[PDB]
Amino acid sequence: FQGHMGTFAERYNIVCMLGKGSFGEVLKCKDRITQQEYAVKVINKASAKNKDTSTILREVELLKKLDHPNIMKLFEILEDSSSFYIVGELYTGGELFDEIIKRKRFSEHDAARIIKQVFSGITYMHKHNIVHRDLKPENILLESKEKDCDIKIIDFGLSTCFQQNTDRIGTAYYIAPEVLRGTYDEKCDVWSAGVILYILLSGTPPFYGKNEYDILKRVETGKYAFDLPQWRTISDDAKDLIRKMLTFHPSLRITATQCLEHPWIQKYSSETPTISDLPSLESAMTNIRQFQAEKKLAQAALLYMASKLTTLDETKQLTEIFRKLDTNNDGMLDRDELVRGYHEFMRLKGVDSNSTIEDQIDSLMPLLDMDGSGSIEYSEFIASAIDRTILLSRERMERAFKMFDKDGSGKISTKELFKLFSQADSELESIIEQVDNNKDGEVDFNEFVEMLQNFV
Ligand SMILES: CS(=O)(=O)c1cccc(Nc2ncc3cc(-c4ccc(Cl)cc4Cl)c(=O)n(CCO)c3n2)c1
Ligand SMILES: [Ca+2]
Ligand SMILES: [Ca+2]
Ligand SMILES: [Ca+2]
Ligand SMILES: [Cl-]
Ligand SMILES: [Mg+2]
């Protein structure tokens, strides 16, 4: 039956080639059922593999678990006899490098918006023991052509698994001196972010040169200056941050967390909700109450399809709200950020906050935090703040069904567990017997749809 199913070719349809990037070619594919468009990375196995396939799929699964508004999202890892297909989210805003050429320089307010996002993502990777090792504006992408949309760190984590064959001069600006000597610790990323921040505020690399040689000579010494005329107008806080990031010795260099919490970042990045946000903000809270009222099985099903099958355009309204609720700018919503946001929501309507808000969130946190990470990441937030009618469109339920049905036509009780277990991690077969009108014992597509609509 599967003899002619293609795994990757079964689900996706290649549309065009975007480019050729180090490890492999990068294509724009399109889901055949849902019509959503993604970016896939095709990497020839025989030519690129340093390790075995079991080890590779282990690393890429770890990457599929990274949920941060400023880190690339990988949906799945397919495979055929010749290549690995790494399906990920498509970003259409271009490289930050192009944004630097257009604007040529950034006010401290704008540069703090961009760099705050690079710090939050880099902090997330480091906590998950991931080092970019090649952080530069060419590997940061704006998610859209909207004005102040998020940036996205891409192209990382593949070094241990694959081999790269290759604009090398561009990379020389951002390497740390210890890389010239063979070290690639977490601190090398902080350095790169510091060179980026220097470039945002002046338009000149701190270690400059027309060729690869001269640049590397200035990097080795680690000497830079604020001598350009345009630095006379730039604040002392900014310079103190750049100096801390470009400390020669990694042991004395500050961390990504220290970059994010630096005062300069707090001064120019205090985004907060306004009266205009009230419509979308109230829709999120109402759907979050409906979330906790639903059962554990229903909540896990909504999280599976909110994290595996949605796209950012559908959640553009909720992306802005999530950003405004993220006071510490670490990319996640802790308990305190939910209570304060729910309180401001009251003050903007004109209602007194005085079941209390604090005791509501206390009960709501275990339900939304289905991974137990201590905070609500973006996927869990949209799973609860989104209109369920959106999540359960027909085309999106078709894909869900085919994901679990190995073989054809029928979903076993065992095969069905994959949906709920992937999210909640907590054996109720009641919904199975209720969803099976034909007494078949397995759930075809129409019984599958009826089951999901009850969860709404
Ligand atoms: C090429 S392009 O023509 O410049 C061009 C035009 C217009 C848009 C894009 N967008 C884009 N969106 C997502 C991605 C994801 C990856 C990627 C890397 C490593 C792993 Cl493990 C998984 C993934 Cl999915 C990627 O490599 N690239 C290519 C570099 O940008 C990606 N590009 C690109
Ligand atoms: Ca460059
Ligand atoms: Ca937070
Ligand atoms: Ca969580
Ligand atoms: Cl100095
Ligand atoms: Mg049946």
# chains A, B, ... in the order shown; residues from 1 in each chain; ligands from 1
$ residues_around --residues "segment 354-365 of chain A" --least-positions-apart "3" --cutoff "7 Å" --atoms "only C-alpha atoms" --output "list in words"
residues 292, 339, 368 and 369 of chain A
$ write_last_selection --atoms "C-alpha atoms" --output "PDB file, in the first residue's frame"
ATOM      1  CA  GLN A 292      -9.550  25.651  30.967  1.00  0.00           C
ATOM      2  CA  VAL A 339      -1.529  38.274  36.017  1.00  0.00           C
ATOM      3  CA  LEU A 368      -1.644  25.938  29.506  1.00  0.00           C
ATOM      4  CA  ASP A 369       1.862  24.782  30.465  1.00  0.00           C
TER       5      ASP A 369
END
$ residues_near_ligand --ligand "ligand 1" --cutoff "9 Å" --atoms "only C-alpha atoms and all ligand atoms" --output "PDB file with C-alpha atoms, in the first residue's frame"
ATOM      1  CA  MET A  17      14.054  26.861  -5.210  1.00  0.00           C
ATOM      2  CA  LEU A  18      14.809  29.782  -2.909  1.00  0.00           C
ATOM      3  CA  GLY A  19      18.579  29.435  -2.769  1.00  0.00           C
ATOM      4  CA  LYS A  20      21.651  27.311  -2.094  1.00  0.00           C
ATOM      5  CA  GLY A  21      22.823  27.596   1.500  1.00  0.00           C
ATOM      6  CA  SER A  22      26.003  25.917   2.759  1.00  0.00           C
ATOM      7  CA  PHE A  23      24.698  22.562   3.996  1.00  0.00           C
ATOM      8  CA  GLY A  24      22.212  22.018   1.187  1.00  0.00           C
ATOM      9  CA  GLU A  25      19.632  23.460  -1.159  1.00  0.00           C
ATOM     10  CA  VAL A  26      16.615  25.288   0.277  1.00  0.00           C
ATOM     11  CA  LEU A  27      13.209  25.059  -1.392  1.00  0.00           C
ATOM     12  CA  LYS A  28       9.707  26.452  -1.001  1.00  0.00           C
ATOM     13  CA  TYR A  38       6.968  26.143   4.175  1.00  0.00           C
ATOM     14  CA  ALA A  39      10.733  26.261   3.670  1.00  0.00           C
ATOM     15  CA  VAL A  40      12.431  22.849   3.493  1.00  0.00           C
ATOM     16  CA  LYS A  41      16.170  22.157   3.656  1.00  0.00           C
ATOM     17  CA  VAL A  42      17.321  19.191   1.570  1.00  0.00           C
ATOM     18  CA  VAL A  60      16.669  17.485  14.884  1.00  0.00           C
ATOM     19  CA  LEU A  63      15.374  21.404  17.458  1.00  0.00           C
ATOM     20  CA  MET A  72      13.370  29.461  13.618  1.00  0.00           C
ATOM     21  CA  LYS A  73      10.612  26.851  13.818  1.00  0.00           C
ATOM     22  CA  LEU A  74      11.169  23.356  12.406  1.00  0.00           C
ATOM     23  CA  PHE A  75       7.985  21.339  11.901  1.00  0.00           C
ATOM     24  CA  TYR A  85      14.004  17.039   4.321  1.00  0.00           C
ATOM     25  CA  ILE A  86      13.894  19.540   7.192  1.00  0.00           C
ATOM     26  CA  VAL A  87      10.565  21.345   6.922  1.00  0.00           C
ATOM     27  CA  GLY A  88      10.466  24.727   8.620  1.00  0.00           C
ATOM     28  CA  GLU A  89       8.563  27.984   8.669  1.00  0.00           C
ATOM     29  CA  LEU A  90       8.877  30.343   5.702  1.00  0.00           C
ATOM     30  CA  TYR A  91       9.978  33.923   6.417  1.00  0.00           C
ATOM     31  CA  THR A  92       9.437  36.590   3.766  1.00  0.00           C
ATOM     32  CA  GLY A  93      10.905  39.783   5.232  1.00  0.00           C
ATOM     33  CA  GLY A  94      14.484  39.268   4.080  1.00  0.00           C
ATOM     34  CA  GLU A  95      17.798  39.252   5.882  1.00  0.00           C
ATOM     35  CA  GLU A 138      22.770  37.139   7.026  1.00  0.00           C
ATOM     36  CA  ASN A 139      21.381  34.411   9.336  1.00  0.00           C
ATOM     37  CA  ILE A 140      18.635  36.594  10.865  1.00  0.00           C
ATOM     38  CA  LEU A 141      15.374  36.998   8.944  1.00  0.00           C
ATOM     39  CA  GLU A 143       9.209  37.200   9.380  1.00  0.00           C
ATOM     40  CA  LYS A 152      14.215  35.080  13.360  1.00  0.00           C
ATOM     41  CA  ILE A 154      18.048  30.501  11.494  1.00  0.00           C
ATOM     42  CA  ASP A 155      20.673  28.078  10.170  1.00  0.00           C
ATOM     43  CA  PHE A 156      22.144  26.572  13.315  1.00  0.00           C
ATOM     44  CA  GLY A 157      22.463  23.244  15.100  1.00  0.00           C
ATOM     45  CA  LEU A 158      23.434  21.275  11.986  1.00  0.00           C
TER      46      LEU A 158
END
$ closest_residue --among "A:329, A:389, A:315, A:55" --to "ligand 3" --atoms "only C-alpha atoms and all ligand atoms"
A:329
$ closest_residue --among "A:270, A:409, A:7, A:202" --to "residue 84 of chain A" --atoms "only C-alpha atoms"
A:7
$ residues_near_ligand --ligand "ligand 2" --cutoff "8 Å" --atoms "only C-alpha atoms and all ligand atoms" --output "count of residues only"
8
$ closest_atom_pairs --of "chain A" --to "ligand 5" --cutoff "10 Å" --atoms "only C-alpha atoms and all ligand atoms" --output "JSON lines"
{"residue": "A:223", "atom": "CA", "partner": "ligand 5", "partner_atom_place_in_ligand_line": "1 (Cl)", "distance": 8.2}
{"residue": "A:224", "atom": "CA", "partner": "ligand 5", "partner_atom_place_in_ligand_line": "1 (Cl)", "distance": 6.8}
{"residue": "A:225", "atom": "CA", "partner": "ligand 5", "partner_atom_place_in_ligand_line": "1 (Cl)", "distance": 5.5}
{"residue": "A:226", "atom": "CA", "partner": "ligand 5", "partner_atom_place_in_ligand_line": "1 (Cl)", "distance": 6.8}
{"residue": "A:227", "atom": "CA", "partner": "ligand 5", "partner_atom_place_in_ligand_line": "1 (Cl)", "distance": 9.4}
{"residue": "A:239", "atom": "CA", "partner": "ligand 5", "partner_atom_place_in_ligand_line": "1 (Cl)", "distance": 8.4}
{"residue": "A:240", "atom": "CA", "partner": "ligand 5", "partner_atom_place_in_ligand_line": "1 (Cl)", "distance": 8.9}
{"residue": "A:242", "atom": "CA", "partner": "ligand 5", "partner_atom_place_in_ligand_line": "1 (Cl)", "distance": 9.2}
{"residue": "A:243", "atom": "CA", "partner": "ligand 5", "partner_atom_place_in_ligand_line": "1 (Cl)", "distance": 6.6}
{"residue": "A:246", "atom": "CA", "partner": "ligand 5", "partner_atom_place_in_ligand_line": "1 (Cl)", "distance": 9.7}
{"residue": "A:247", "atom": "CA", "partner": "ligand 5", "partner_atom_place_in_ligand_line": "1 (Cl)", "distance": 9.9}
$ closest_residue --among "A:238, A:451, A:332, A:197" --to "ligand 4" --atoms "only C-alpha atoms and all ligand atoms"
A:332
$ atom_distance --atom1 "atom CA of residue 114 of chain A" --atom2 "atom CA of residue 62 of chain A"
26.2 Å
$ decode --residues "segment 58-177 of chain A" --atoms "C-alpha atoms" --output "compact mmCIF listing (two decimals), in the first residue's frame"
# COMPACT_ATOMS: atom_id res chain seq x y z
CA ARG A 58 17.70 12.80 17.72
CA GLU A 59 19.33 16.22 17.29
CA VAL A 60 16.67 17.48 14.88
CA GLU A 61 13.91 16.38 17.26
CA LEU A 62 15.55 18.52 19.94
CA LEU A 63 15.37 21.40 17.46
CA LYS A 64 11.69 20.77 16.77
CA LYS A 65 11.17 21.32 20.52
CA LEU A 66 12.56 24.88 20.46
CA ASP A 67 9.68 27.36 20.82
CA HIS A 68 10.70 31.03 20.87
CA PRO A 69 9.33 34.02 18.93
CA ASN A 70 12.86 34.79 17.66
CA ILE A 71 14.11 31.26 16.87
CA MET A 72 13.37 29.46 13.62
CA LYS A 73 10.61 26.85 13.82
CA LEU A 74 11.17 23.36 12.41
CA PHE A 75 7.99 21.34 11.90
CA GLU A 76 9.29 17.87 11.03
CA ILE A 77 12.18 15.86 9.55
CA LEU A 78 11.29 13.63 6.60
CA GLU A 79 13.71 11.40 4.71
CA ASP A 80 14.21 9.37 1.56
CA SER A 81 17.09 7.20 0.37
CA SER A 82 19.09 10.22 -0.85
CA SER A 83 18.31 13.19 1.41
CA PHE A 84 16.91 14.59 4.63
CA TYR A 85 14.00 17.04 4.32
CA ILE A 86 13.89 19.54 7.19
CA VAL A 87 10.57 21.34 6.92
CA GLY A 88 10.47 24.73 8.62
CA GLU A 89 8.56 27.98 8.67
CA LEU A 90 8.88 30.34 5.70
CA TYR A 91 9.98 33.92 6.42
CA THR A 92 9.44 36.59 3.77
CA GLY A 93 10.90 39.78 5.23
CA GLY A 94 14.48 39.27 4.08
CA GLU A 95 17.80 39.25 5.88
CA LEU A 96 18.55 41.84 8.55
CA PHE A 97 21.66 42.47 6.44
CA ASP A 98 19.42 43.94 3.75
CA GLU A 99 17.75 46.07 6.42
CA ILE A 100 21.18 47.45 7.33
CA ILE A 101 21.93 48.39 3.72
CA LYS A 102 18.60 50.18 3.29
CA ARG A 103 18.67 52.19 6.53
CA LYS A 104 22.49 52.42 6.85
CA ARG A 105 22.09 53.26 10.56
CA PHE A 106 19.57 52.86 13.37
CA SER A 107 18.49 55.12 16.20
CA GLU A 108 19.12 53.67 19.64
CA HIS A 109 15.37 53.08 19.93
CA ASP A 110 15.25 50.95 16.78
CA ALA A 111 18.54 49.13 17.39
CA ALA A 112 17.30 48.23 20.88
CA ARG A 113 14.15 46.72 19.35
CA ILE A 114 16.21 44.52 17.00
CA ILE A 115 19.00 43.59 19.40
CA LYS A 116 16.58 42.81 22.24
CA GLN A 117 15.17 40.07 20.01
CA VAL A 118 18.61 38.67 19.18
CA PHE A 119 19.38 38.56 22.90
CA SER A 120 16.14 36.78 23.81
CA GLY A 121 16.65 34.08 21.19
CA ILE A 122 20.35 33.59 21.93
CA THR A 123 19.49 33.30 25.62
CA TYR A 124 16.93 30.60 24.78
CA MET A 125 19.38 28.58 22.69
CA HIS A 126 22.08 28.71 25.36
CA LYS A 127 19.68 27.51 28.06
CA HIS A 128 19.00 24.55 25.73
CA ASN A 129 22.76 24.00 25.20
CA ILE A 130 22.79 25.23 21.61
CA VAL A 131 25.46 27.58 20.24
CA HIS A 132 24.92 29.29 16.90
CA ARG A 133 28.66 29.61 16.12
CA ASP A 134 27.90 31.70 12.98
CA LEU A 135 25.63 34.49 14.23
CA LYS A 136 25.47 37.38 11.76
CA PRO A 137 22.83 39.51 10.00
CA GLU A 138 22.77 37.14 7.03
CA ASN A 139 21.38 34.41 9.34
CA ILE A 140 18.63 36.59 10.86
CA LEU A 141 15.37 37.00 8.94
CA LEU A 142 12.38 39.28 9.35
CA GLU A 143 9.21 37.20 9.38
CA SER A 144 7.32 39.52 7.00
CA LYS A 145 7.38 42.87 5.20
CA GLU A 146 5.38 44.48 8.02
CA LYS A 147 6.96 47.40 9.87
CA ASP A 148 8.05 46.06 13.26
CA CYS A 149 7.74 42.30 12.88
CA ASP A 150 9.94 39.87 14.78
CA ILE A 151 13.37 38.77 13.63
CA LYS A 152 14.21 35.08 13.36
CA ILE A 153 17.52 33.31 14.01
CA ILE A 154 18.05 30.50 11.49
CA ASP A 155 20.67 28.08 10.17
CA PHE A 156 22.14 26.57 13.32
CA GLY A 157 22.46 23.24 15.10
CA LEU A 158 23.43 21.27 11.99
CA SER A 159 27.23 21.40 12.37
CA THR A 160 27.56 18.28 14.53
CA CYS A 161 25.44 16.26 12.08
CA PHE A 162 26.37 17.40 8.56
CA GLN A 163 29.30 18.75 6.56
CA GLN A 164 29.38 22.25 5.08
CA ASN A 165 31.01 23.25 1.79
CA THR A 166 30.93 26.91 0.77
CA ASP A 167 30.64 35.30 1.21
CA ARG A 168 33.28 34.19 3.71
CA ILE A 169 34.59 37.77 4.05
CA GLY A 170 31.22 38.74 5.51
CA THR A 171 31.62 36.13 8.24
CA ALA A 172 35.03 37.46 9.31
CA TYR A 173 33.52 40.63 10.78
CA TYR A 174 31.51 38.73 13.38
CA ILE A 175 33.83 35.94 14.55
CA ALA A 176 35.23 36.15 18.08
CA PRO A 177 39.00 35.99 18.64
